[PDB]
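Take a look at the structure set out below.
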Amino acid sequence: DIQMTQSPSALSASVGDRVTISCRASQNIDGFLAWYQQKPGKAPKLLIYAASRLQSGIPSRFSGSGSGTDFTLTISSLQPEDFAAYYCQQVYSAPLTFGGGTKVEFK
Amino acid sequence: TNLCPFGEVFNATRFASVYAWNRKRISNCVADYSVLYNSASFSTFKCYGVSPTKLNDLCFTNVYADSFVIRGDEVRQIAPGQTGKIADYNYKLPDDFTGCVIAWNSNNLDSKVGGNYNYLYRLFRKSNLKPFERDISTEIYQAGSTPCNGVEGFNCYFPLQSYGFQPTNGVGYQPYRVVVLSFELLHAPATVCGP
Amino acid sequence: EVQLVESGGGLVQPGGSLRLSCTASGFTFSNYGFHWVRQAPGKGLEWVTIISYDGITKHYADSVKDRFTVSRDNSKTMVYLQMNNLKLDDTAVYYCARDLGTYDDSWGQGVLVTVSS
């Protein structure tokens with residue numbers, strides 16, 4: 001099994017701030033990491049795939065970085081819409097595991 | 001200050017299948033090939049008839065970019081005068097070819113748990129493919145003397161076989177994104193010189 | 001446009017059996033593998049199972065392994081998550097996804113499954 005640790009869960013920031021979300025894999029998963037944004041009572045939306053590749057129709061502000069066991073998700077400029085839960089899921093292993101979850105909240 | 005759309009070819013979200021390879025004509029633009037070499041994220045950057053470094057001075061009339069995904073083992077087969085399953089029935093490079101074959105590992109892009117079905121290399125063809133010839137036919141292969149009659153049967157096989165691309169697969173079996181650049185040097189405008 | 005719709009989610013008793021059918025439209029169903037993800041109320045996402053494009057290969061998380069069976073019918077373009085030996089913990093919104101964490105990623109709206117005694 002592979003285990004994803006997503007910190008900081010309680011991150012807060014004002015609009016226009018730069019946010020960083022870090023996900024750590026227990027063992028090497030190459031570049032097989034995905035970033036999702038879940039608004040309340042809505043299905044998850046895939047912001048990033050293949051660690052750094054932005055999905056089509058996603059705003060350019062979202063960005064991903066890292067490889068191996070360490071990864072990062074960065075929002076260049078925060079927005080009101082961006083205040084939602086964020087999840088990191090590894091796809092390398094046969095049983096996929098999601099991250100804890102980080103709730104970006106208005107300050 | 002027109003610039004060639006290498007970014008579209010190299011950074012496309014999905015590459016085409018090797019049997020259904022995608023050919024893009026590039027013209028009327030300046031291309032900095034050296035910038036691509038400087039990035040050096042490509043496992044294979046082999047140029048035939050031209051040197052990979054310093055080819056800016058040379059002027060090319062017709063540049064064609066061919067994009068497909070193959071296994072790591074097949075990258076050797078994407079070369080002039082090479083014999084393989086991929087060379088014989090999927091993509092053929094002419095013996096006199098002048099151009100550059102660029103291949104990079106795309107394991108994290110083109111792999112899914114349980115395998116990805118999209119790539120689908122051709123397994124059976126009656127005759128070897130001619131250079132720069134694409135076959136997209138799905139007609140049943142008559143290995144046996146008995147006619148298939150358009151239906152799968154004993155000794156009758158579907159032509160296209162799907163590559164199973166897994167994250168756990170070895171480097172040889174991992175997906176590789178291949179862009180083949182074909183340069184033509186003739187007496188013509190030579191617009192895509194790319195100094 | 002790729003569309004996934006989850007149906008069959010409803011109230012069930014503990015130890016009961018419920019099956020969730022994921023209707024698919026706008027794409028070739030056979031080509032792409034499918035996933036099931038559940039979000040428990042006030043909890044994070046939890047991947048449940050995967051069925052491959054061929055359908056021979058199936059993988060389940062331990063928390064549902066030997067209790068949940070994943071199946072698909074290509075002709076009907078539906079993926080069925082059979083659920084057995086249901087528990088109060090199992091209560092969640094079950095989302096059906098296509099090729100998670102890839103360029104082919106798609107998600108259904110989700111269907112709430114409630115286990116109550």
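Numbering starts at 1 and runs along the chain as it is shown here.
Note: Cβ is positioned from N, Cα and C throughout, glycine not excepted.
According to Swiss-Prot, the feature domain 'BetaCoV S1-CTD' maps to B:2-195, an assignment based on experimental evidence.
The disulfide bond annotation in Swiss-Prot covers B:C4-B:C29 (among others). Around the Cβ of B:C4 (disulfide bond), the number of neighbouring Cβ atoms within 10 Å comes to 19.
Mapped onto three states, the DSSP output places B:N11 (N-linked glycosylation site) in coil. Residues or ranges marked as N-linked glycosylation site in Swiss-Prot: B:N11.
The DSSP secondary structure for B:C100 (disulfide bond) is strand. Annotated disulfide bond per Swiss-Prot: B:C47-B:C100 (among others), in sequence order.
Cβ environment of B:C59 (disulfide bond): B:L185, B:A190, B:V192, B:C193, B:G194 lie under 8 Å away, each six or more residues apart in the same chain. B:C59 (disulfide bond) falls outside any helix or strand according to DSSP and counts as coil. As annotated by Swiss-Prot, disulfide bond applies to B:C59-B:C193 (among others).
According to Swiss-Prot, the feature region 'Receptor-binding motif' maps to B:105-176, an assignment based on similarity to another entry.
The DSSP breakdown of the region 'Immunodominant HLA epitope recognized by the CD8+' (B:116-124) into helical (H, G, I), extended (E, B) and coil residues amounts to 0 helix, 2 strand, 7 coil. Look at Swiss-Prot and you will find B:116-124 tagged as region 'Immunodominant HLA epitope recognized by the CD8+'.
What Swiss-Prot lists as region 'Disordered' is B:123-158, and the listing cites a curator's inference. Listed as Cβ neighbours of the region 'Disordered' (B:123-158) (distance under 8 Å, sequence separation of 6 or more from its ends, same chain) are residues 19-21, 23, 85, 87-95, 97, 182.
Look at B:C148 (disulfide bond): DSSP puts it in coil. What Swiss-Prot lists as disulfide bond is B:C148-B:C156 (among others).
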In the three-state DSSP scheme, B:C29 (disulfide bond) belongs to coil
Cβ-Cβ distance under 8 Å, sequence separation of 6 or more, same chain as B:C47 (disulfide bond); the residues meeting this, in order, are B:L55, B:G99, B:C100, B:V101
Three-class DSSP assignment, B:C193 (disulfide bond), comes back as coil
Candidates B:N11, B:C148, B:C156 (recorded positions); nearest Cα to B:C4 (disulfide bond) turns out to be B:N11
Long-range Cβ list for B:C29 (disulfide bond), cut-off under 8 Å, min separation 6+ in sequence, same chain only, gives B:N2, B:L3, B:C4, B:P5, B:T191, B:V192, B:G194
